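Working notes, beginning with the structure itself.
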Ligand code: HEM
Ligand code: HEM
Ligand SMILES: CCN(CCc1ccc(NC(=N)c2cccs2)cc1)Cc1cccc(NC(=N)c2cccs2)c1
Ligand SMILES: CCN(CCc1ccc(NC(=N)c2cccs2)cc1)Cc1cccc(NC(=N)c2cccs2)c1
Ligand SMILES: C[C@H](O)[C@H](O)[C@H]1CNc2nc(N)[nH]c(=O)c2N1
Ligand SMILES: C[C@H](O)[C@H](O)[C@H]1CNc2nc(N)[nH]c(=O)c2N1
Ligand SMILES: [Br-]
Ligand SMILES: [Br-]
Ligand SMILES: [Zn+2]
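Residue numbers (the entry's author numbering), protein chains in the order written: chain A, 299 to 338, 350 to 716; chain B, 299 to 338, 348 to 718.
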């Protein structure tokens with residue numbers, strides 16, 4: 299019930315107690331482990358509200374103070390009366406930072422406390438949402454010196470008035486199914502690209518077309534908007550040894566910004582909460598570029614490198630993978646856009662885990678996601694045992710809005 | 299209840315009913331997942356249910372379920388248990404049993420091969436010399452001059468837990484490790500403790516970087532004894548690279564037969580505490596883990612210096628570059644010397660075909676993702692994109708404590 303995690307490379311043992319706060323469920327049982335599965350009223354509200362306010366007042370060392378009790382009473386009255394409640398700004402910021410803190414799939418959490426929070430709970434229209442988003446994009450990009458931020462739109466009410474950003478990220482490239490049977494651009498986004506097209510977006514039909522924003526305020530039909538191109542920092546992909554690399558015509562965007570998740574603070578649901586930090590190199594170089602169902606470029610790169618593609622045992626895929634990833638890192642660095650390599654990031658995350666064990670009594674962590682998708686065992690996180698469990702405040706998945714929305 | 303797993307590259311969705319037969323516990327609850335934790348005498352009482360269930364499975368597999376032959380076996384095992392407190396497996400049931408423990412091994416990527424396993428029955432063995440003899444035959448049969456064949460050798464089962472058969476070595480063939488006075492290690496650091504026990508026990512150590520350890524063998528609960536495997540029986544492969552001629556000069560080699568000797572085989576409640584098994588290597592076991600773990604041979608820096616890579620910053624991916632070259636070298640060397648080896652692309656693809664087949668014919672395939680995904684190039688192997696259900700079936704291979712931790716010394 300008090301649990302140990304061993305690092306097998308260093309022999310460091312940490313004891314976890316934080317897990318006994320865990321509220322939500324895992325998907326696992328005594329009989330079956332689901333560790334590798336991607337997707338495992351008033352009466353409900355006050356327990357959640359109290360639990361949250363309890364940890365908040367404890368975090369500022371006012372647990373059991375009149376001010377703590379007072380607020381608990383105030384929120385309680387508000388629920389009884391209104392059937393919801395409003396977070397004070399301080400609680401909103403704390404809620405947000407802690408949802409990041411608690412994200413067991415995020416390797417980048419050593420940074421969790423420095424999050425910039427933009428309160429957009431006063432927003433009412435998709436145009437308003439567009440303005441808030443552009444401000445977020447500009448603030449976060451910061452000419453390439455990227456800064457973490459989240460923008461928080463109004464919370465769910467009756468569920469027929471949801472704020473949603475339909476995009477999966479604020480900045481992503483379009484995907485077009487072609488007569489040839491194949492795909493141009495990013496195949497991950499073919500469906501959303503079609504929803505933009507049927508909405509009225511004139512598509513340049515290129516390999517790297519920045520998608521429009523499809524923004525939904527107060528449960529209305531969503532509206533198209535183009536992000537000013539001056540706000541979208543992009544990096545041309547070259548290699549520091551291979552001259553021909555640039556001829557592949559590869560680029561990526563500097564700002565990863567997740568816009569389809571749901572933020573839960575003290576029972577309150579924020580269905581539009583775009584957040585952004587910066588890239589770990591492998592996301593682009595391993596996953597975006599090399600996934601068979603993404604840009605899938607390994608074949609082409611291997612050719613240009615003139616490697617023996619006749620047998621899998623030459624490790625030509627492996628060779629090409631490394632080079633592609635050297636180039637991503639090299640390009641971002643050359644252009645002065647913040648990026649982290651998988652070595653540095655996993656080293657940080659070990660140091661973060663340590664702090665959290667010492668300061669919090671633990672750190673929920675999902676090994677399957679935390680281990681980078683290349684060179685697993687030569688990064689320290691591979692050798693590190695991790696306990697995975699669900700703490701609130703949290704980010705959660707929610708269905709793609711077009712399966713839900715009533716037009 | 300039906301459980302679905304999805305492959306996110308192909309959208310193939312499979313359905314699992316086999317987890318329904320899962321008895322043992324995972325280490326997880328509804329509130330915690332322990333999916334990355336490395337390690338998460349029986350009385351008459353619990354023995355007969357374990358026996359029955361196993362014999363029910365065995366007789367189902369041979370399409371004799373509910374037969375006269377089935378019923379009589381059940382009754383005979385039952386009589387034998389309560390009379391003697393244990394029971395003896397028939398040859399056919401032992402064979403079926405060992406094969407299933409491999410089939411059920413959720414951490415094993417090489418399971419496509421499960422039905423071709425040579426079972427050697429060493430239950431008539433009584434002494435350490437007898438064990439040495441069975442193990443040589445095993446090593447020679449499995450080696451097969453480089454055309455590796457899977458085999459397991461099964462020594463007598465546990466009785467009162469005071470007469471255990473054990474192989475003290477963790478693999479039959481493995482290199483010594485020697486902690487030096489300056490705090491450095493010579494040879495394989497994973498094997499320092501076992502190496503010191505061998506020295507204590509009287510092994511005169513050559514003290515090089517690649518000394519094949521002697522066998523330390525425990526028969527019948529007696530103090531273990533030392534034996535050297537005939538060198539002519541130990542197939543080894545010098546490691547060279549197909550383009551970098553200085554690679555050979557690093558002085559690396561590895562042995563060709565990987566043979567695990569420290570696990571416990573459980574069949575119908577019976578515990579076989581010495582059951583060495585062998586197959587062949589996936590290249591990354593040597594190239595990634597044995598060569599490049601910081602706590603093992605740790606050659607990344609020396610390799611990368613020799614390749615004159617930029618070592619001043621990790622974002623040069625010097626480590627990742629060196630790692631690929633080492634792994635090419637490992638596979639090239641084995642293939643050139645005609646020693647069976649499999650690369651991680653080829654073995655993960657076979658595993659996915661194995662797994663789909665297992666779903667269709669068997670109704671499932673317990674698989675531990677943390678273990679199945681290779682320790683380099685994860686997402687360019689199809690297993691990374693495969694969802695897996697992990698659960699424990701019997702027969703099974705289990706961990707057991709190192710014998711020096713439990714053994715009662717006689718003198
Ligand atoms: C500061 C730089 C950051 C780095 C380098 C970083 C790194 C990562 C990486 C590599 C993933 C895996 C993504 C994937 O494979 O799809 C991830 C997942 C996640 N990150 Fe972080 N992160 C950072 C900042 C943040 C911030 C600011 C938040 C929220 C405020 C956050 C919340 C999450 C969540 C919720 C997931 C899981 C997404 C999912 O389950 O689909 N990240 N992060
Ligand atoms: C045919 C050749 C084989 C290949 C290429 C293969 C591949 C592997 C690999 C790569 C591992 C992970 C080892 C590690 O990281 O420590 C493994 C684990 C395992 N394999 Fe297989 N294997 C093969 C044959 C067999 C045989 C014949 C058995 C037993 C009959 C077996 C049972 C297991 C077990 C019990 C584990 C888990 C070890 C542990 O949990 O510590 N393997 N196998
Ligand atoms: C919610 C989407 N996440 C990725 C979220 C994400 C988080 C982090 C990053 N990278 C970053 N560096 C940051 C982004 C924001 C701050 S840091 C990028 C993306 C991927 C995901 C998770 C679970 C399931 C799926 N499902 C799917 N792949 C599909 C849906 C439909 C067809 S396939 C995708
Ligand atoms: C029981 C030993 N296994 C390795 C077993 C193994 C299985 C398979 C192979 N490789 C093969 N290809 C085959 C061997 C036999 C048939 S196939 C090699 C080894 C490793 C292990 C498992 C669980 C805990 C530990 N604990 C440990 N002591 C450590 C691990 C790392 C640093 S210390 C070790
Ligand atoms: C099936 C498996 O759960 C799935 O492919 C996971 C594995 N690990 C991952 N890890 C990260 N960081 N991101 C991912 O999308 C995935 N996908
Ligand atoms: C902590 C973690 O579970 C541990 O390092 C595991 C990870 N995956 C592994 N996978 C395999 N095949 N072999 C291993 O030794 C390990 N080690
Ligand atoms: Br980071
Ligand atoms: Br195989
Ligand atoms: Zn689990």
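Idealized CB from N, CA, C, for every residue including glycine.
heavy atom of ligand 3 below 7 Å from residue 566(A) C-beta: Residue 566(A) sits at position 257 when you count from the first residue of the first chain. Answer for residue 566(A): yes, Cβ within range of ligand 3.
Quick check on this structure: which residue in 581(A), 716(A), 634(A), 711(A) has the alpha carbon closest to the alpha carbon of residue 479(A)? As a working mapping, residue 479(A) is identified with position 170 in the first chain. Comparing Cα-Cα distances from residue 479(A) to each of 581(A), 716(A), 634(A), 711(A), the minimum goes to 581(A).
Verify the contact flag: residue 510(B), CB atom, against every heavy atom of ligand 3, threshold strictly below 7 Å. By one-based count along the second chain, residue 510(B) stands at place 203. No, Cβ of residue 510(B) sits at least 7 Å from all heavy atoms of ligand 3.
Note the first and the last residue of the continuous beta strand (DSSP E) segment covering residue 487(A). If you number the first chain from 1, residue 487(A) lands on position 178. Unbroken run through residue 487(A): none, as it is neither H nor E.
Comparing the C-beta of residue 569(A) with each C-beta of chain B, is any distance below 8 Å? To locate residue 569(A), count along the first chain from 1; it is residue 260. No, no contact with chain B.
Based on the DSSP secondary-structure assignment, which residues constitute the bridge partners of residue 524(B)? In the second chain, the residue the question calls residue 524(B) occupies position 217. The partner list for residue 524(B) (beta bridge, DSSP) reads 474(B), 532(B).
Quick one, which residues of the region 682-695 of chain A are near chain B if we go by CB-CB under 7 Å, in chain order? Answer in chain order: 682, 683, 684, 685, 686, 687, 691, 694, 695.
Can you find the residues in the same chain that come closer than 6 Å, C-beta to C-beta, to residue 680(B), ignoring five residues on each side of it along the sequence? Taking the first residue of the second chain as position 1, residue 680(B) is located at position 373. So the list reads 690, 691, once near-sequence residues are dropped.
Determine, using beta carbons only, whether residue 426(B) and residue 459(B) come nearer to each other than 8 Å. For the purposes of this step, residue 426(B) is taken as the residue at position 119 of the second chain. For the purposes of this step, residue 459(B) is taken as the residue at position 152 of the second chain. Result yes, Cβ atoms of residue 426(B) and residue 459(B) sit closer than 8 Å.
Of all the options 544(A), 511(A), 473(A), 562(A), which has the alpha carbon lying nearest to the alpha carbon of residue 526(A)? The count along the first chain starts at 1 and reaches residue 526(A) at position 217. Distance check between residue 526(A) and each of 544(A), 511(A), 473(A), 562(A) places 473(A) closest, using alpha-carbon atoms only.
With a CB to CB cut of under 7 Å and the five nearest residues on each side skipped, what residues in its chain are close to residue 320(B)? On the second chain, residue 320(B) is found 22 positions in, with the first residue counted as 1. Excluding positions up to five away in sequence, the list reads 698, 699, 700.
Beta-ladder partner(s) of residue 312(B), from DSSP: In the second chain, the residue the question calls residue 312(B) occupies position 14. DSSP, once it has assigned bridges, lists 303(B) as partnering residue 312(B).
Which same chain residues, not among the five before or five after residue 388(A), have their C-beta less than 8 Å away from its C-beta? Within the first chain, the letter at position 79 stands for residue 388(A). Around residue 388(A): 351, 354, 355, 358, 394.
For ligand 3, is there any heavy atom lying closer than 7 Å to the beta carbon of residue 342(A)? Chain A lacks the residues between 338 and 350, and residue 342(A) is one of those with no coordinates.
Return no unless some Cβ of chain B is closer than 8 Å to the Cβ of residue 618(A). Sequence index remark: in the first chain, residue 618(A) carries index 309 (1-based). Not a single CB atom of chain B sits nearer than 8 Å to the CB of residue 618(A).
Residue 334(A) and residue 694(B): beta carbons closer than 8 Å? Counted from its first residue, the first chain places residue 334(A) at position 36. Counted from its first residue, the second chain places residue 694(B) at position 387. The answer is yes: Cβ separation under 8 Å.
Residue-chain proximity (residue 324(A), chain B), Cβ-Cβ < 8 Å: The count along the first chain starts at 1 and reaches residue 324(A) at position 26. Yes, because at least one Cβ of chain B sits closer than 8 Å to the Cβ of residue 324(A).
Residues with a Cβ closer than 6 Å to any heavy atom of ligand 6, in chain order? Spelled out in chain order, the answer is 306(A), 691(A), 692(A), 693(A), 694(A), 334(B), 336(B), 677(B), 678(B).
Give, in chain order, every residue of the region 594-606 of chain A whose Cβ lies closer than 7 Å to some Cβ of chain B. Taking 7 Å as the upper bound on Cβ-Cβ separation, chain B lies near residues 595, 596, 599, 600, 601, 602 of the region 594-606 of chain A.
Under the criterion of a Cβ to heavy atom distance below 7 Å, does residue 461(B) qualify as lining ligand 2? The residue labelled residue 461(B) in the question sits at position 154 within the second chain. Not so, every heavy atom of ligand 2 lies at least 7 Å from the Cβ.
Taking only three categories from DSSP, how would you classify residue 538(A)? Residue 538(A) sits at position 229 when you count from the first residue of the first chain. In this structure, residue 538(A) counts as helix in the three-state DSSP scheme.
Determine whether the Cβ of residue 552(B) lies closer than 8 Å to any Cβ atom of chain A. Translated into positions along the second chain, residue 552(B) becomes position 245. Not one chain A Cβ lies under 8 Å of residue 552(B).
For residue 324(A), is the beta carbon positioned less than 7 Å from some heavy atom of ligand 9? Position 26 of the first chain, counting from 1, holds the residue named residue 324(A). Yes, ligand 9 has a heavy atom inside 7 Å of this Cβ.
Could you check whether the Cβ of residue 631(A) sits closer than 8 Å to any Cβ belonging to chain B? Start at 1 with the first residue of the first chain, and residue 631(A) comes out as number 322. Judged by the 8 Å Cβ criterion, residue 631(A) is in contact with chain B.
When the Cα atoms are used, what is the spatial distance from residue 362(A) to residue 409(A)? For the purposes of this step, residue 362(A) is taken as the residue at position 53 of the first chain. For the purposes of this step, residue 409(A) is taken as the residue at position 100 of the first chain. The alpha-carbon separation between residue 362(A) and residue 409(A) amounts to approximately 18 Å.
Neighbour flag for residue 624(B) against chain A, beta carbons, 8 Å: As a working mapping, residue 624(B) is identified with position 317 in the second chain. At least one CB of chain A lies nearer than 8 Å to the CB of residue 624(B).
Looking at residue 524(B): is its Cβ nearer than 8 Å to the Cβ of residue 509(B)? Locating residue 524(B) in the second chain gives position 217, counting from the first residue. Locating residue 509(B) in the second chain gives position 202, counting from the first residue. Taking 8 Å as the Cβ cut-off, residue 524(B) and residue 509(B) do not qualify as a contacting pair.
Rounded separation between residue 418(B) and residue 655(B) - CA only: To locate residue 418(B), count along the second chain from 1; it is residue 111. To locate residue 655(B), count along the second chain from 1; it is residue 348. Each residue's alpha carbon lies about 10 Å from the other.
The beta strand (DSSP E) that contains residue 428(A), what's its start and end? As a first step, residue 428(A) is located in the first chain; it is residue number 119 there, counting from the start. The continuous beta strand (DSSP E) containing residue 428(A) extends over residues 425-428.
Let's see if you can read the secondary structure: which residues bound the alpha helix (DSSP H) around residue 641(B)? Indexing the second chain from 1 puts residue 641(B) at position 334. Residue 641(B) -> alpha helix (DSSP H) spans 625-643.
Cβ atoms of residue 635(B) and residue 557(B): under 8 Å apart, would you say? On the second chain, residue 557(B) is found 250 positions in, with the first residue counted as 1. On the second chain, residue 635(B) is found 328 positions in, with the first residue counted as 1. No, the Cβ-Cβ distance between residue 557(B) and residue 635(B) is not below 8 Å.
Closest residue to residue 715(B) among 470(B), 477(B), 382(B), 383(B) (Cα-Cα distance): Position 408 of the second chain, counted from the first residue, corresponds to residue 715(B). Looking at the Cα atoms, 470(B) is the closest of the given residues.
Please indicate yes or no: does the CB of residue 727(A) lie closer than 7 Å to some heavy atom of ligand 1? Since the first and last residues shown for chain A are 299 and 716, residue 727(A) lies out of range.
Would the beta-carbon of residue 461(A) fall within 8 Å of that of residue 572(A)? Locating residue 461(A) in the first chain gives position 152, where the first residue counts as 1. Locating residue 572(A) in the first chain gives position 263, where the first residue counts as 1. Going by C-beta atoms, residue 461(A) is nearer than 8 Å to residue 572(A).
Under a Cβ-count criterion, where at least 16 other Cβ atoms within 10 Å of its own Cβ denotes burial, should residue 704(A) be classed as buried or exposed? Start at 1 with the first residue of the first chain, and residue 704(A) comes out as number 395. Under this definition residue 704(A) is a buried residue.
When Cβ atoms are compared, which residues of the region 573-597 of chain A fall closer than 9 Å to chain B? So the list reads 590, 591, 595, 596, given in the order they occur along the chain.
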